[PDB]
Each structure stands twice: as C-alpha cells, then as structure tokens.
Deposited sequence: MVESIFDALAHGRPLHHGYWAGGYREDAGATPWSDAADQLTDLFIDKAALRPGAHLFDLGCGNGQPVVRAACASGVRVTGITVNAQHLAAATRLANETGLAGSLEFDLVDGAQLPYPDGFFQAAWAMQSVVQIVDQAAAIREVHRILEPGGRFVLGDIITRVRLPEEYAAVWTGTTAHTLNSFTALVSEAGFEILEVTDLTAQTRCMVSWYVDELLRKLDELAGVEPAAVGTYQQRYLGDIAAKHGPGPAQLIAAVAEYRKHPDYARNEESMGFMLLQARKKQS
C-alpha cells in the first residue's frame, strides 16, 4: 500500500480546508487545522440537512471522516461515493469501526452518472470534490436529479480552475436555486499551508531569540510530525517550508481561495 502523500499526512482526519470562523490570521493559530476542518464539516451540516433520519448524498466522500461526523451529530443516513479505491476503503472501514455500518454506505462510483433514483436524497454535499471531477456539468445535473424537491445542496471548493462567478453559473445552469454564495478565503486554510505556517511561526519567534537555534528547532518540529504521521509528511512539509523561504513565491499565496455555495432544488 502506497498513499498519496497528502492522504498520508491527513492521516485519517479530513481532506478539506480548515475553517476558522472570523479569520485565520485573526485566530493566530489558537485553533488548529485538525479542528478547523471539523468546523468546516459542521458548517456543511448546519447549512444542508439539519434533519435526523434524513438521507444525505455525499459527492466527494474521501476519507469518510466528515460523513461520519455528520451521521453522528445530526443522526443522518449517508451514501457517499468516490473513484479513489483507497478512499472507499478508509471510509467503509471507518464506518464499520463506529457501529455506523448500517446507516451509511459507500460505493465507488463515477459521479457523472449516478445509479440512484430520482428525488431520493434530502440533501447533497460536495466538499472539495468538484474541482477534480472532469465532467462537472454532468456531475451536477445528476446531483440535481438526485435530490427531493426542496432538498438543499451544499458545495465548496477551491477558486482563483473556476471562480465564484463561474461556479454559480455551473450550478444554476443545472437547474438549482442558488440562495447563498461566499468567499471564505479569509477564514480557511489548506492542511499543508497550516503545518508550514505553524513551523515558520514558531521558527520566527525562536529566531528573534536565538537564530543559531533555528535549524535545530526546524529539524525537531519536522521530527515530531514524522513521529505522528510518518516520514513522508515530514519530508513534504520540509520541502514546502524550503519554498516559502523564497519570495518569488510571495504573492502566489492568496491567488487561490475557497468558496461555499448553498443551493436548493425548487418545490
């Protein structure tokens, strides 16, 4: 078994952005990514299927962690899909390990053509799947087909493939009623961007004290990551650290961002 090094570093916690309500730099890292990603999940929970017993279609299911947090908290039945064979496994295994094997089922399926009948689910999700789906139009017309009339559908993903305007076009052009759209760039971060941010934070703090210690502390911090998550992730973060040590990088940071779109199907 060999996992993508992103999956390897996430190490079972979720594959989406961290959501820090009221700003990431504002929070100055008193709240970690590991928790903020769960905050973002709770955010899709709040805004779609608030309802227990209801049924939720998860489009990119990934790890399966966020699905399971929603089926506990809100008491919902879940059907997620993925094309990544190793994601399907992590999610199914996790489902069995929680006693939730009976409500929420995972199936490896291309999201452009869905086996489910029309008007089945009460809600739908796409957490950072749609950018990496190839036929997005088809995928989303399909998801429109899948929901009950009135069912909410909550998408969020990375922006500048697409932009806030272009996503809103994509989703209305499949029939949906768009009732909310938001640029969360201020309030969200990448998993990796966060690990690197902590590293360089504490390194610049240490640097104003004993600069001669910096290399050592860096080596130690990478050590601790290597200890929890395995060496691949440590070697990763080390490299991203080396690249933000160059300012020809500087303005490339915020040239990507995040958005959240809340839609409903008409009654």
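Going by the record, the unmodelled stretches of the deposited sequence, in order, are 161 to 176, 284.
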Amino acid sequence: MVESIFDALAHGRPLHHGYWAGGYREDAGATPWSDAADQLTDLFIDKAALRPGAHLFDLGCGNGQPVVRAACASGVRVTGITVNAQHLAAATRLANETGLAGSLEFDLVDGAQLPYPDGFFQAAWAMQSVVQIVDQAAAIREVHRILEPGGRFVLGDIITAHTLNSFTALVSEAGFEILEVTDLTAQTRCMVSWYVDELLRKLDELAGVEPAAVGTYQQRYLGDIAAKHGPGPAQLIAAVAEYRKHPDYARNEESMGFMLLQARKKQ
From here on, numbers count along this sequence of modelled residues.
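Stretches 234 to 242 and 47 to 55 differ in mean C-alpha B factor, with the higher average recorded for 47 to 55.
Looking at mean Cα B-factors across 162 to 170 and 68 to 76, the upper value is held by 68 to 76. Taking the PDB entry at face value, the top CA B factor among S193, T98, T185, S129 belongs to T98. Ranked by C-alpha B-factor against the other modelled residues of its chain, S103 falls in the highest third. In the PDB entry, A30 places in the highest third of its chain by CA B-factor.
Per-chain ranking of the deposited C-alpha B factor places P211 in the middle third. Looking at the C-alpha B-factors along this chain, the one for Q39 belongs to the highest third. The PDB entry assigns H11 a C-alpha temperature factor belonging to the middle third of its chain's modelled residues.
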